[PDB]
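Engineer: Pasting an experimental structure with its sequence.
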Amino acid sequence: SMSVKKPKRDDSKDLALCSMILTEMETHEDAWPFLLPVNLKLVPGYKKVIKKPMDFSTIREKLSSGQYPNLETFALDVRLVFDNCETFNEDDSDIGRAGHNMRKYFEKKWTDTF
Ligand SMILES: O=C(O)c1cccc2c1OCCO2
Ligand SMILES: O=C(O)c1cccc2c1OCCO2
């Protein structure tokens with residue numbers, strides 16, 4: 001509360017570390033369904049169903065232009081990519097399995113890093 005603060009966690013490296021995690025996700029071999037925005041003109045249903053589209057390139061742009069206030073808002077967008085994936089894809093499909101794999105991969109990196 002006012003004039004009563006927890007000891008200050010060092011956040012100076014957060015930007016750099018999130019960029020690193022994002023790079024490892026971009027270079028993962030199962031990253032391909034998530035590298036670019038879903039084409040809303042060529043994928044019937046997606047625009048109406050998925051209220052907040054998100055992909056790694058959009059995250060990269062937001063990260064690089066100072067649009068994440070903190071590392072929690074970064075993690076939310078990453079998770080949004082995989083939540084979107086589950087909403088639109090069968091678990092038993094290549095894309096559906098890609099999403100499950102990448103989420104696991106992300107969350108481990110996330111815990112190990114912070
Ligand atoms: O999951 C999060 O949003 C988050 C935010 C700050 C620090 C963390 C976090 O996740 C676990 C590791 O340490
Ligand atoms: O992909 C799935 O496992 C799944 C999960 C919940 C509801 C469903 C599902 O697939 C077919 C439609 O209804």
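Structural biologist: Cool, the structure landed. Numbers count the residues shown, from 1 in each chain. Ligands and ions are numbered 1, 2, ... in the order given.
Engineer: can you tell me which residues contact residue 90?
Structural biologist: Residue 90 makes contact with residue 96, according to C-beta atoms under 8 Å, 6 or more residues apart in numbering. (C-beta placed from N, C-alpha, C; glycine too.)
Engineer: Three-state assignment for it, please.
Structural biologist: What DSSP: H, G, I helix; E, B strand; the rest coil gives for residue 90 is coil.
Engineer: Please report how far it lies from ligand 1.
Structural biologist: 28 Å (C-beta to the nearest ligand atom, to the nearest Å).
Engineer: Then residue 38?
Structural biologist: From residue 38 to ligand 1 the distance is 25 Å (C-beta to the nearest ligand atom).
Engineer: Without its sequence neighbours, what residue ends up closest to that residue?
Structural biologist: Closest residue to residue 38 apart from its sequence neighbours, by C-beta to C-beta, 6 or more residues apart in numbering: residue 46 at 5.2 Å.
Engineer: And for the lengthiest helix in the chain, what's in contact with it?
Structural biologist: The longest helix of the chain (DSSP state H) is helix 94-113. Applying C-beta under 8 Å, 6+ apart, the contact partners of helix 94-113 are 17, 20-21, 24-25, 28, 30-34, 75, 78-79, 81-82, 85-86, 89-91.
Engineer: Give the buried residues for that helix.
Structural biologist: 96, 98-100, 102-103, 105-106, 109-110 (16 or more other C-beta atoms under 10 Å).
Engineer: okay but residue 15 is in contact with residue 63, surely?
Structural biologist: Yes. Using C-beta atoms under 8 Å, residue 15 is in contact with residue 63, at 7.4 Å.
Engineer: what's the spacing between the residue minimising distance to the centre of the chain and ligand 1?
Structural biologist: Central residue of the chain (C-alpha atoms, centre = their mean): residue 78, 1.3 Å from the mean position. Going from residue 78 to ligand 1 by C-beta to the nearest ligand atom gives 10 Å.
Engineer: If anything else comes up later, I'll come back, but that's it for now.
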